[PDB]
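Quick notes on the structure that follows.
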Amino acid sequence: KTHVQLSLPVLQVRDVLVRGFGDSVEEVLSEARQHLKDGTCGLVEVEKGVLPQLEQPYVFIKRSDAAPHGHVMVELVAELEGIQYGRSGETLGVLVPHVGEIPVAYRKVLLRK
């Protein structure tokens with residue numbers, strides 16, 4: 011399927027144990043997609059002071075359209093030293109590995125895969 015319904019655990023930035031997906035734009039997009047497929051991907055909501063507490067390159071989920081069955085359609089955009097790889101809508105948050113952190117909420121998304 012071109013899209014997959016996912017429910018992403020929303021993590022507090024100070025709880026996150028693994029603060030990024032790797033060391034290159036291509037690696038972090040690769041790893042983010044693998045973790046999204048494996049159900050091992052968390053979401054951190056972006057506010058003042060969040061991104062400097064995480065590791066670049068960043069992987070964002072961004073709204074790709076204006079929401080089937082409650083799931084917002086999203087796609088992945090990576091960022092490294094202020095350059096983004098991808099073009100999409102509003103940021104819903106930054107993706108990180110999930111390794112058992114307790115979430116504060118869930119974000120229902122339809123991921124363009």
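Mind the numbering: the sequence shown is residues 11 to 76, 79 to 125 in the UniProt record's numbering, read in order. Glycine is no exception: its CB is placed at the ideal position from the N, C-alpha and C atoms.
Which residue from the options puts its Cα closest to that of residue i?
i           : options             : result
residue 123 : 22, 92, 43 and 32   : 43
residue 94  : 120, 80, 62 and 117 : 62
residue 54  : 25, 11 and 99       : 25
residue 30  : 102, 58, 68 and 50  : 68
residue 64  : 15, 106, 121 and 79 : 106
residue 15  : 103, 102, 92 and 80 : 80
residue 90  : 114, 36, 11 and 111 : 36
So is residue i in contact with chain D if we call contact Cβ pairs under 8 Å?
i          : result
residue 51 : In the structure shown, chain D cannot be found, because there is only a single protein chain.
In the DSSP output, which residue or residues are listed as bridge partners for residue i?
i          : result
residue 31 : Paired residue(s): none; residue 31 is not in a bridge.
residue 90 : 69 and 97
residue 18 : 119
What are the boundary residues of the beta strand (DSSP E) that includes residue i?
i           : result
residue 50  : From DSSP, residue 50 is part of no beta strand (DSSP E); its letter is neither H nor E.
residue 120 : 117 to 124
residue 104 : 103 to 109
Does the beta-carbon of residue i, which I'm using as the reference point, lie nearer than 7 Å to any heavy atom of the ligand ADP?
i          : result
residue 11 : The ligand ADP is absent from the structure shown, which contains no ligand whatsoever.
Is the beta carbon of residue i sitting closer than 8 Å to the one on residue j?
i           : j           : result
residue 109 : residue 23  : no
residue 13  : residue 125 : yes
residue 52  : residue 104 : no
residue 119 : residue 102 : no
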